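Just one chain is shown here, as structure tokens, and it is the form deposited without (2,3,4-trimethoxyphenyl)methanol (VEX).
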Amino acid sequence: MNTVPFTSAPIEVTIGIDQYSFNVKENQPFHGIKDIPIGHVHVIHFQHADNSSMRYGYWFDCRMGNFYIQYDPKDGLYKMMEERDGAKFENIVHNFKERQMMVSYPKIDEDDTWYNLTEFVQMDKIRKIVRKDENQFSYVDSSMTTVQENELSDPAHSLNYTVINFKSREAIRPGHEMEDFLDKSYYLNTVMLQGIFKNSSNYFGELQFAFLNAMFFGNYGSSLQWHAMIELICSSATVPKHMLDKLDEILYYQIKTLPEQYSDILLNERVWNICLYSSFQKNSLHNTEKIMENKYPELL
């Protein structure tokens, strides 16, 4: 069980870690989150009380270092930092734990809510999408644009998701125009899986990271990427059976976790109706189709 301590909480803020969200008052005696499960990536996110504009946060893995949060009054945000002096961090953390100044990441008895959302998500792949090599953790916020968004403007602050474009030479073999556009299996299996991602686990990891960025930060380009990666599979007639079964599980838990009041904008009607009811895989996503029809029958 690991710990993300805080130097203090000078401004009133809603903090979230994964699916949990809690409020900290201005200058409240708050010094962090303990009992964070080892083995998973995590995200610690912020929304200030005064300016609900800009949700922001940090993806991290406690196995990669000792991370703490401190409010910067110049830049006006809570910053993640790394403390390399392990003995000092241990002392700072023991101090806070003895004074009971930390909230407790709960352990729930039948709970796989976070694992199922982050199964294929790896810190090393996050760090290639979010390029800031001097830190072991990755900052994301509501406004960051994707590489593909910038092709249609600060490169350092971009989300370098794999570009997917159904009307592109990469997607369409000369001489197979109709074939490749109506059945995207070539583009899925040879261009993307074998060529770019190398395996379906890395594909699913980027799909899961995109969803989580879209959901926790309202990153429009993350939402675009998540739906593009779903649509590329559903629009492929030839998909390995294990991938379809895992996609169904992935999407089920994403749809399950989605706040009901954000579905209106977080779900793209066209993609989901095409995916569930018109595509090659219309009959391959039983769990996802069942939860969608019972939770969001309006979209369909």
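Superpose the two forms; the largest set of C-alphas matching within 1.5 Å is the rigid core. So that there is no doubt, residue numbering starts at 1 and follows the sequence shown.
- The stretch that strays farther, by root mean square C-alpha distance over structures and residues in 9 other deposited structures of this protein after a rigid core fit, is 95 to 103, when 112 to 120 is set against 95 to 103.
- Remark: when the other structures in 9 other deposited structures of this protein are fitted onto this one via the rigid core, 256 to 264 deviates more than the alternative among 269 to 277 and 256 to 264, judged by RMS CA distance.
- The modelled chain breaks after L152 and resumes at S153, leaving 4 to 9 residues of the deposited sequence without coordinates.
- Averaged over CA atoms, B-factors in the entry run higher in 104 to 112 than in the other of 220 to 228 and 104 to 112.
- Higher mean CA temperature factor, per the PDB entry, when comparing 238 to 246 with 260 to 268: 260 to 268.
- Reading the B-factor column for the CA atoms of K79, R131, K184, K167 in the entry, the top value corresponds to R131.
- Per the deposited coordinates, the residue with the largest Cα temperature factor out of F120, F137, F211, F89 is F89.
- Ranked by C-alpha B-factor against the other modelled residues of its chain, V163 falls in the middle third.
- When the modelled residues of the chain are ordered by their C-alpha B factor, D141 lands in the lowest third.
- For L276, the recorded CA B-factor ranks within the highest third of the chain. Only modelled residues enter the ranking.
- Among all modelled residues in this chain, the alpha-carbon of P73 has a temperature factor (C-alpha) in the middle third.
- Sort the chain's modelled residues by C-alpha temperature factor and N51 lands in the highest third, per the entry.
What comes next is about the form deposited with (2,3,4-trimethoxyphenyl)methanol (VEX) bound, which is not displayed.
- Site residues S185, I230 and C234 are none of them in contact with (2,3,4-trimethoxyphenyl)methanol (VEX) in the deposited complex, judged by any heavy atom within 4.5 Å.
- Put simply, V191 is far from (2,3,4-trimethoxyphenyl)methanol (VEX) in the deposited complex: not one heavy atom of it is within 4.5 Å.
- Shown alone here, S158 lies farther than 4.5 Å from (2,3,4-trimethoxyphenyl)methanol (VEX) in the deposited complex, counting heavy atoms only.
- (2,3,4-trimethoxyphenyl)methanol (VEX) in the deposited complex comes within 4.5 Å of a heavy atom belonging to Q148.
- Shown without its partner, the chain has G221, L224, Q225, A228 in segment 215 to 251 as residues with a non-hydrogen atom within 4.5 angstroms of (2,3,4-trimethoxyphenyl)methanol (VEX) in the deposited complex.
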